[PDB]
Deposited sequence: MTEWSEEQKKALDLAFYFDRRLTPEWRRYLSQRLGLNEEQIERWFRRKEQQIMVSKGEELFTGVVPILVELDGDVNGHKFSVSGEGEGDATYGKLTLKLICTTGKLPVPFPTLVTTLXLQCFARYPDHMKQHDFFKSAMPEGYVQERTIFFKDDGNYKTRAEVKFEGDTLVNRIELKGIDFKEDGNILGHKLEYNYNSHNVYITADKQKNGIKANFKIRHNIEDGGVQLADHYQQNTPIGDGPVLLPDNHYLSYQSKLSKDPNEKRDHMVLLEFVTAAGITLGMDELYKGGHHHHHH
């Protein structure tokens, strides 16, 4: 009755059919009850681990390799994430010269592991649970009446640092359109992103529309379709339906002559 369950867990958390049956017949407890106890303890540990890895300020490195209608560019970033306050701070610099797209179209692409999940729903935070091996984030971004972005991001710890390498491809863009023609305002609205579980891929998915302000009136729609998949083998947290509430501020560094964006975001989960 209990007690030995702790010991069993300490010995071996790989609840295989054989380990389950063994513990069943050996404790009188039935298999489902053992399954439930194990999954429960696993969750609590998954929660405590994520809290540990994301306590305090976490240094961030970002590398984005881009190609939009053959126009190639690189963007590198650094800054920090403070999940306690749902705070993400980044300075992103285009290193190849002039960014051929407007920076706000890259805002969604440029680390949801930094969201502030309230205590009562920390067991729904997939993004942290994937650490340190990380997760792959893929998105397709459809700009209405214009082309599309496809992105592939790999978010993981490399040592003490949270790293994000991204590859981006954009095709079918209008050279005189809102994107390649630089007709979008340098600002950002608040949005809610709805997260659901992607169980057949052991992760999560989301879709959401960003509204970009066209200069002197009008909106450029950007329709986002997103999928996240764990990279490693460990257990992860699969969330019930919830959402992330975003605020973003875009600014500049007065001393940085290179084409760049300063990004501040606050992210809080549906609690």
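Please give the gaps, as residue ranges numbered from 1 in the deposited sequence, where no C-alpha is present. Coordinates drop out over 1-7, 118, 280-297.
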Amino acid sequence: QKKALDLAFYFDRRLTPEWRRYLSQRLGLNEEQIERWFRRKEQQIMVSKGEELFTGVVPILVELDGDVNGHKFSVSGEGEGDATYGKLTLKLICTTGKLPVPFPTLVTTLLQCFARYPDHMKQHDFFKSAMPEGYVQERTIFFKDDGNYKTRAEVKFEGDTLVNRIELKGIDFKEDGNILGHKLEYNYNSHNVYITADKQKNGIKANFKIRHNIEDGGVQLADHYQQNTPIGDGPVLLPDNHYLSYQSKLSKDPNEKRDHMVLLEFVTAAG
From here on, numbers count along this sequence of modelled residues.
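What stretch has the higher average Cα B-factor here, 144-152 or 129-137? Higher mean C-alpha B-factor in the PDB entry: 144-152.
Mind pulling up the entry and telling me whether 65-73 or 34-42 has the higher mean Cα temperature factor? The entry gives the higher C-alpha B-factor average to 34-42.
Considering only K169, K201, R165, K183, which residue's Cα atom bears the greatest B-factor as recorded? In this record, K201 carries the highest C-alpha B-factor of the candidates.
Reading the B-factor column of the entry, which of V101, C94, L90, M121 has the highest value at its C-alpha atom? Reading the PDB entry, the winner on C-alpha B-factor is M121.
Pull the Cα B-factor of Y117 out of the PDB entry and bin it into the chain's lowest, middle or highest third. Its C-alpha B-factor belongs to the middle third of this chain's values.
Comparing against every modelled residue in the chain, figure out the third that the C-alpha B-factor of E158 lands in (lowest, middle or highest). It belongs to the middle third of the chain when residues are ordered by C-alpha B-factor.
Considering only modelled residues of the same chain, in which third does the CA B-factor of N189 rank: lowest, middle or highest? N189: CA B-factor falls in the middle third of its chain.
Could you place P230 in the lowest, middle or highest third of its chain by Cα temperature factor, using the values in the record? Its C-alpha B-factor belongs to the middle third of this chain's values.
Split into thirds by Cα B-factor across the chain's modelled residues, where does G28 land: lowest, middle or highest? For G28, whose C-alpha B-factor we compare with every modelled residue in the chain, the answer is the highest third.
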